[PDB]
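Scroll down for the structure; my scribbles are underneath it.
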2 protein chains.
Amino acid sequence: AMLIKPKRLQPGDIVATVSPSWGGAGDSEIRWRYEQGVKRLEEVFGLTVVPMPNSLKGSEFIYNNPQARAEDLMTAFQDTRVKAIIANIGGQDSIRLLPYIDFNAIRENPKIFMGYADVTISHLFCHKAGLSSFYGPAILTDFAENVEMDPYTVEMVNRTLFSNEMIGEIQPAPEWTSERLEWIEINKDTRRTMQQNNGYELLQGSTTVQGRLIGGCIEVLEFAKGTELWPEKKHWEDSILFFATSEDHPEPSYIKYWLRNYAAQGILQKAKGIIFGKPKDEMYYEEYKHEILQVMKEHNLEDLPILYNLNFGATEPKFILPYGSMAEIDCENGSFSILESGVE
Amino acid sequence: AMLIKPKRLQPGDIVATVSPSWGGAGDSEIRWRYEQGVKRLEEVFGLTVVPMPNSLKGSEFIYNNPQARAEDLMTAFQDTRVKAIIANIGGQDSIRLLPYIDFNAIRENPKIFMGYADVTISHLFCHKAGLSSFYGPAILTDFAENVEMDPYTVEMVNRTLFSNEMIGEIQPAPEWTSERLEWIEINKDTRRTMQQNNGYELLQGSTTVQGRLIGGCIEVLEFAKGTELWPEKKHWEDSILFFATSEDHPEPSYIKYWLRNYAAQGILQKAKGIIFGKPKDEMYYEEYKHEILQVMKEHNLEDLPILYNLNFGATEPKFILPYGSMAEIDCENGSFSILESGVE
């Protein structure tokens, strides 16, 4: 293990909320939604919540001030009362924070950091500092789910962040959604419609393999390629790669192009296995499979275990992937497991 | 300069044709078109043309055999009778040649290498071997133009490859086309419809700047990021960046994402200036401007000279960009010049 594992949460602990990507949480029309997410952190999980100073200043300010976003992250990491940091939401431009990050401030202050999609970039800040962080739910999208949180997401927060017991097998969720229901307050009493989930699909592979988790949102990872933010070679050795596609539904050819580059980098050849998240709206569900299998065939990797349709990524509900934690793909059983705790 | 300038081509010289990307030149219904391009190399330029051994075996063979494509390149470079190499056409997967390239073989046999789009990858092979190669016309798309070659493309081939006089100012073409007229022989006597061209547009900048050319097809450059094929740091210092979009019309948001990555790499900050090629069909002409200007604004680069709508890239006709040559953007006059010869 190359990464520091942070301490577990308990009720009473303080969690900081931050806006490293899109600044919407503070927009007048969305603030109710932020407050609803916070309410679940407080009431369901028993946590105390503090927003970082610039995090609710709204989307115009946040967009224009990447340094202030970075300052919010540094403030949260440097405050010893803060036991976890959760992103409000993704976006697309948190790569702009790079000039303003003090990696040693993260290194000297290990704690839980969680979010997904563009927050992939903020995960790479933690990763560079040697801290295991959590590809997982965010305030506006998951904790603020209308009417009630999904019990699957709640279970997985408990198992990953509140317990130092081995996480173990990740069962698929019974149902999923990515229905568009605008974040208008008079919609708050409306449940989003759920779809039956049918569980994991094995695209290829015939072995049980284990390796340490690395990855994120595949579109956003492109943003960091060739930069000083990209994880050094040792982190890719004997990995389990995890990829999710985001809400803009990247055309299938891009999934091919991006995987071809992972091959050209030597990353696919170093992987023990790959897991893919359910695409948003299941758009391109079958088409992505075709591209994935083609790139593997092109590079003599037809036996690399690849599991598909997991509940992480752009749909709800979600489980949580701790970076660098040992994980397992069991092809014969079509199962995915995390073979250690997420927290200490 | 870090790149070797190859020797001047002249009538009577031998040129090799290669298929490093899509292998369609040898397909039964396309072969007439390859032969039409060969006829202009022979009759207009006075050259003897030799296809490399695997280059006309068709698209199925070529796709399945990246190693044979790489061998064709090596064959052409190692034959001292061959004075220039021209790609038949682009494609999308020449990144697959990477593990099969003998860079020493290129370094020891400097000579003209020319093509565009996916052939960007093959340029990067030359670049890594320390050879200046030519972002420029290809057999099937330019030399094989129905009825006759465009005099603009002819002129720029002559000025860049057939003379060691300074290239000088690159004037805009009077007309352009990217009309889809299928490469079916029954069409061979049909001229493509031309559009009036309005010349270069200065997007920003108020100075005259000089720097060495580096760039290529912006979609394809993504394929090489974070790989050992990416040009080393010194190549990006005091550059003039050149970017063209390809036939797939990348959505404007991707231009933004890709340019934010150039910023995150420290590349935009080191540029003296940037030039963009006319988009295919002028699709997203205005949208791309908006994205380019937004990324400059995001990174305090609003005084960086940027010229738009140049005749390189996905449309016809084309001028030629020698990698690493000293070039000039003059903002007050809205002009672009290359301040050395393309060849020795």
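In the structure tokens, chains take letters A, B, ... by order of appearance, with residues numbered from 1 within each chain and ligands from 1 in the order shown.
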
Practice problem: Mind checking which residues fall within 10 Å of residue 108 in chain A, counting only C-alpha atoms, ignoring those fewer than 2 positions away in the same chain, and posting them as a list in words? | Solution: residues 77, 78, 103, 104, 105, 106, 110, 111, 129, 130 and 131 of chain A

Quiz prompt | Filtered DSSP result for range 106-168 of chain A, state strand (DSSP E or B), as a list in words | solution =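 DSSP on the backbone gives strand (DSSP E or B) at residues 112, 113, 114, 115, 131, 134, 135 and 168 of chain A.
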
For N, CA, C and O atoms, I'd like the residues from the last selection saved as a compact mmCIF listing (two decimals), in the first residue's frame.
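The result, written out as out.txt:
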# COMPACT_ATOMS: atom_id res chain seq x y z
N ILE A 112 -10.49 12.07 5.35
CA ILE A 112 -11.38 11.66 4.30
C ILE A 112 -11.67 12.81 3.34
O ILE A 112 -12.05 13.92 3.76
N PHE A 113 -11.50 12.54 2.05
CA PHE A 113 -11.93 13.42 0.97
C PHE A 113 -12.79 12.63 -0.04
O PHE A 113 -12.39 11.58 -0.53
N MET A 114 -13.96 13.15 -0.34
CA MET A 114 -14.90 12.40 -1.19
C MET A 114 -15.68 13.25 -2.18
O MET A 114 -16.07 14.39 -1.90
N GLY A 115 -15.89 12.66 -3.36
CA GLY A 115 -16.66 13.23 -4.46
C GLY A 115 -16.40 12.41 -5.71
O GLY A 115 -15.67 11.41 -5.64
N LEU A 131 -2.22 10.39 -0.15
CA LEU A 131 -3.44 10.17 0.66
C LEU A 131 -4.46 9.40 -0.15
O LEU A 131 -4.78 9.79 -1.28
N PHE A 134 -11.65 9.12 -1.75
CA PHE A 134 -12.83 8.29 -1.98
C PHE A 134 -13.69 8.71 -3.15
O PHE A 134 -14.33 9.76 -3.14
N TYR A 135 -13.68 7.87 -4.17
CA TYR A 135 -14.52 8.10 -5.34
C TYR A 135 -15.95 7.72 -4.95
O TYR A 135 -16.28 6.55 -4.82
N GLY A 168 -15.37 -5.81 1.91
CA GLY A 168 -15.86 -7.09 1.41
C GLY A 168 -16.59 -6.97 0.08
O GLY A 168 -16.32 -6.07 -0.72

Practice problem: Find the spatial neighbours of residue 276 in chain A, counting only C-alpha atoms, within a cut-off of 7 Å - ignore same-chain residues fewer than 6 positions away - and output them as number ranges by chain. | Solution: A: 242-244, 307-310

Practice problem: Counting only C-alpha atoms, collect the residues of chain B whose closest atom lies at most 9 Å from chain A, and write them out as JSON, numbers by chain. | Solution: {"B": [64, 92, 93, 95, 96, 98, 99, 222, 223, 224, 225, 226, 227, 228, 229, 230, 257, 258, 260, 261, 262, 263, 264, 265, 266, 298, 299]}

Can I get the selected residues back with C-alpha atoms, as an mmCIF file, in the first residue's frame?
data_model
loop_
_atom_site.group_PDB
_atom_site.id
_atom_site.type_symbol
_atom_site.label_atom_id
_atom_site.label_comp_id
_atom_site.auth_asym_id
_atom_site.auth_seq_id
_atom_site.Cartn_x
_atom_site.Cartn_y
_atom_site.Cartn_z
ATOM 1 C CA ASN B 64 -4.751 -5.942 -38.430
ATOM 2 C CA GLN B 92 -7.214 6.989 -36.440
ATOM 3 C CA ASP B 93 -5.010 4.178 -35.096
ATOM 4 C CA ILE B 95 -0.647 5.246 -32.351
ATOM 5 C CA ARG B 96 -0.592 1.425 -32.494
ATOM 6 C CA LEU B 98 4.545 2.933 -31.402
ATOM 7 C CA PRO B 99 6.114 -0.244 -30.035
ATOM 8 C CA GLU B 222 -4.468 13.794 -27.480
ATOM 9 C CA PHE B 223 -3.580 10.207 -28.452
ATOM 10 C CA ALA B 224 0.083 10.801 -27.594
ATOM 11 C CA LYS B 225 -0.309 12.748 -24.347
ATOM 12 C CA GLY B 226 1.375 11.078 -21.358
ATOM 13 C CA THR B 227 3.188 8.657 -23.671
ATOM 14 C CA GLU B 228 6.882 8.356 -24.437
ATOM 15 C CA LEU B 229 5.993 9.776 -27.857
ATOM 16 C CA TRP B 230 5.184 13.213 -26.415
ATOM 17 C CA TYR B 257 -10.960 20.692 -22.561
ATOM 18 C CA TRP B 258 -7.935 20.040 -24.746
ATOM 19 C CA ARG B 260 -7.161 23.570 -20.674
ATOM 20 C CA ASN B 261 -4.899 20.549 -20.660
ATOM 21 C CA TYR B 262 -2.253 22.439 -22.679
ATOM 22 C CA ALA B 263 -2.463 25.088 -19.972
ATOM 23 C CA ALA B 264 -2.140 22.464 -17.231
ATOM 24 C CA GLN B 265 0.969 21.116 -18.971
ATOM 25 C CA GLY B 266 2.566 24.577 -19.019
ATOM 26 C CA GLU B 298 -9.166 31.783 -17.845
ATOM 27 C CA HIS B 299 -5.377 31.642 -17.840
#

Practice problem: Name the residues in contact with range 8-14 of chain A at a cut-off of 9 Å, using only C-alpha atoms, excluding same-chain residues fewer than 2 positions from it; report them as a PyMOL selection string. | Solution: chain A and resi 6+16+42+45-50+81-85+111-112+160-164+342-344

Quiz prompt | Residue neighbourhood residue 267 in chain B, 9 Å, only C-alpha atoms, exclusion window fewer than 6 positions, as a list in words | solution =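 So the residues in contact are residues 233, 236, 237, 239 and 261 of chain B.
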
Practice problem: Might you pull out every residue within 9 Å of residue 213 in chain B, with only C-alpha atoms counted and same-chain residues fewer than 5 positions away left off, and present them as a list in words? | Solution: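 With the cut-off at 9 Å, the set is residues 239, 240, 241, 242, 321, 322, 323, 324, 325, 326 and 327 of chain B.
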
Could you write those residues out with N, CA and C atoms, as a PDB file, in the first residue's frame?
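Resulting contents of again_32.pdb:
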ATOM      1  N   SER B 239       7.388  28.611 -28.518  1.00  0.00           N
ATOM      2  CA  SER B 239       6.827  27.954 -29.688  1.00  0.00           C
ATOM      3  C   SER B 239       5.837  28.834 -30.409  1.00  0.00           C
ATOM      4  N   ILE B 240       5.556  28.477 -31.662  1.00  0.00           N
ATOM      5  CA  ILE B 240       4.304  28.842 -32.290  1.00  0.00           C
ATOM      6  C   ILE B 240       3.536  27.547 -32.426  1.00  0.00           C
ATOM      7  N   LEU B 241       2.456  27.444 -31.661  1.00  0.00           N
ATOM      8  CA  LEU B 241       1.611  26.277 -31.709  1.00  0.00           C
ATOM      9  C   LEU B 241       0.745  26.273 -32.959  1.00  0.00           C
ATOM     10  N   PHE B 242       0.591  25.112 -33.583  1.00  0.00           N
ATOM     11  CA  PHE B 242      -0.362  25.014 -34.692  1.00  0.00           C
ATOM     12  C   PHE B 242      -1.308  23.849 -34.467  1.00  0.00           C
ATOM     13  N   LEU B 321       3.441  23.024 -42.999  1.00  0.00           N
ATOM     14  CA  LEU B 321       4.117  23.439 -41.774  1.00  0.00           C
ATOM     15  C   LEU B 321       5.286  22.494 -41.454  1.00  0.00           C
ATOM     16  N   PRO B 322       6.541  22.965 -41.627  1.00  0.00           N
ATOM     17  CA  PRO B 322       7.672  22.145 -41.179  1.00  0.00           C
ATOM     18  C   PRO B 322       7.827  22.219 -39.670  1.00  0.00           C
ATOM     19  N   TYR B 323       7.865  21.072 -39.006  1.00  0.00           N
ATOM     20  CA  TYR B 323       8.015  21.053 -37.576  1.00  0.00           C
ATOM     21  C   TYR B 323       9.328  21.708 -37.201  1.00  0.00           C
ATOM     22  N   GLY B 324       9.257  22.561 -36.193  1.00  0.00           N
ATOM     23  CA  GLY B 324      10.428  23.185 -35.624  1.00  0.00           C
ATOM     24  C   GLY B 324      10.975  24.384 -36.357  1.00  0.00           C
ATOM     25  N   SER B 325      10.409  24.735 -37.508  1.00  0.00           N
ATOM     26  CA  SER B 325      10.918  25.888 -38.250  1.00  0.00           C
ATOM     27  C   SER B 325      10.472  27.180 -37.572  1.00  0.00           C
ATOM     28  N   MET B 326      11.302  28.199 -37.692  1.00  0.00           N
ATOM     29  CA  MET B 326      10.971  29.494 -37.122  1.00  0.00           C
ATOM     30  C   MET B 326       9.879  30.181 -37.933  1.00  0.00           C
ATOM     31  N   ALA B 327       8.828  30.612 -37.248  1.00  0.00           N
ATOM     32  CA  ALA B 327       7.690  31.251 -37.901  1.00  0.00           C
ATOM     33  C   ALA B 327       7.320  32.544 -37.198  1.00  0.00           C
TER      34      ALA B 327
END

Exercise. Please provide the set of residues having any atom within 10 Å of residue 312 in chain B, restricted to only C-alpha atoms, with same-chain residues fewer than 3 positions apart removed, written as a list in words.
Key: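 Contacts, with the query itself left out: residues 116, 135, 136, 137, 172, 216, 217, 242, 243, 244, 245, 275, 276, 277, 278, 279, 309, 315, 316, 317, 318, 319, 320 and 321 of chain B.
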
Would you mind exporting the chosen residues as a compact mmCIF listing (two decimals), in the first residue's frame, restricted to N, CA, C and O atoms?
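The new file result14.txt reads:
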# COMPACT_ATOMS: atom_id res chain seq x y z
N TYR B 116 -0.89 14.52 -42.95
CA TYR B 116 -1.59 15.27 -41.90
C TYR B 116 -2.65 14.42 -41.19
O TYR B 116 -2.78 13.24 -41.47
N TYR B 135 3.92 18.87 -41.87
CA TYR B 135 2.46 18.78 -41.76
C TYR B 135 1.87 19.33 -43.08
O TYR B 135 1.93 20.53 -43.35
N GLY B 136 1.32 18.45 -43.90
CA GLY B 136 1.10 18.80 -45.29
C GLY B 136 0.30 17.77 -46.06
O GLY B 136 -0.19 16.80 -45.49
N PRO B 137 0.15 17.98 -47.38
CA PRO B 137 -0.77 17.18 -48.17
C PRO B 137 -0.39 15.71 -48.28
O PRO B 137 0.78 15.32 -48.18
N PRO B 172 -3.16 33.72 -47.81
CA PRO B 172 -4.31 32.81 -47.80
C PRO B 172 -4.67 32.33 -49.20
O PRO B 172 -4.41 33.05 -50.17
N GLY B 216 -0.11 20.03 -34.63
CA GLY B 216 -0.68 19.03 -35.52
C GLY B 216 -2.19 18.96 -35.40
O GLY B 216 -2.84 19.96 -35.11
N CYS B 217 -2.77 17.80 -35.66
CA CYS B 217 -4.20 17.66 -35.50
C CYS B 217 -4.52 17.57 -34.02
O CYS B 217 -4.02 16.69 -33.33
N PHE B 242 0.59 25.11 -33.58
CA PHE B 242 -0.36 25.01 -34.69
C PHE B 242 -1.31 23.85 -34.47
O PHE B 242 -0.90 22.74 -34.19
N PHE B 243 -2.59 24.17 -34.52
CA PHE B 243 -3.66 23.20 -34.33
C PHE B 243 -4.67 23.21 -35.46
O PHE B 243 -5.15 24.27 -35.86
N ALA B 244 -5.02 22.01 -35.92
CA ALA B 244 -6.14 21.82 -36.85
C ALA B 244 -7.15 20.80 -36.33
O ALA B 244 -6.76 19.82 -35.71
N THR B 245 -8.44 21.02 -36.59
CA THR B 245 -9.47 20.04 -36.24
C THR B 245 -9.73 19.13 -37.45
O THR B 245 -9.47 19.51 -38.58
N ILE B 275 -1.68 29.34 -34.14
CA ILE B 275 -2.41 29.44 -35.39
C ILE B 275 -3.36 28.26 -35.46
O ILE B 275 -3.04 27.15 -35.00
N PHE B 276 -4.56 28.52 -35.97
CA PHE B 276 -5.56 27.48 -36.14
C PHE B 276 -5.93 27.33 -37.60
O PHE B 276 -6.10 28.32 -38.31
N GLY B 277 -6.10 26.09 -38.04
CA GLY B 277 -6.62 25.82 -39.36
C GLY B 277 -8.12 25.97 -39.49
O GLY B 277 -8.85 25.79 -38.51
N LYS B 278 -8.57 26.31 -40.69
CA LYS B 278 -10.00 26.32 -41.00
C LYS B 278 -10.66 24.98 -40.63
O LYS B 278 -10.14 23.93 -41.00
N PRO B 279 -11.79 25.00 -39.89
CA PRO B 279 -12.45 23.73 -39.60
C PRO B 279 -13.07 23.11 -40.83
O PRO B 279 -13.47 23.83 -41.74
N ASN B 309 -8.40 30.56 -39.12
CA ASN B 309 -8.87 30.38 -40.48
C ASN B 309 -7.74 30.26 -41.51
O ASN B 309 -7.91 30.66 -42.65
N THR B 315 -9.45 21.04 -44.58
CA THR B 315 -9.94 21.50 -45.88
C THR B 315 -8.83 21.53 -46.92
O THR B 315 -7.65 21.41 -46.60
N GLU B 316 -9.25 21.67 -48.16
CA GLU B 316 -8.34 21.91 -49.30
C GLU B 316 -8.58 23.29 -49.87
O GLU B 316 -9.72 23.76 -49.90
N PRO B 317 -7.52 23.97 -50.35
CA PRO B 317 -6.12 23.56 -50.47
C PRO B 317 -5.30 23.77 -49.19
O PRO B 317 -5.87 24.28 -48.21
N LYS B 318 -4.01 23.40 -49.20
CA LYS B 318 -3.16 23.49 -48.02
C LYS B 318 -1.80 24.11 -48.27
O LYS B 318 -1.22 23.94 -49.34
N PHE B 319 -1.28 24.81 -47.27
CA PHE B 319 0.14 25.05 -47.21
C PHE B 319 0.77 24.03 -46.25
O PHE B 319 0.08 23.18 -45.68
N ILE B 320 2.09 24.10 -46.09
CA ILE B 320 2.85 23.10 -45.35
C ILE B 320 3.54 23.72 -44.13
O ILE B 320 4.15 24.79 -44.21
N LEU B 321 3.44 23.02 -43.00
CA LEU B 321 4.12 23.44 -41.77
C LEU B 321 5.29 22.49 -41.45
O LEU B 321 5.06 21.35 -41.07

Quiz prompt | Sel. of helix (DSSP H, G or I) residues, range 147-323 of chain B, as a count of residues only | solution = 58
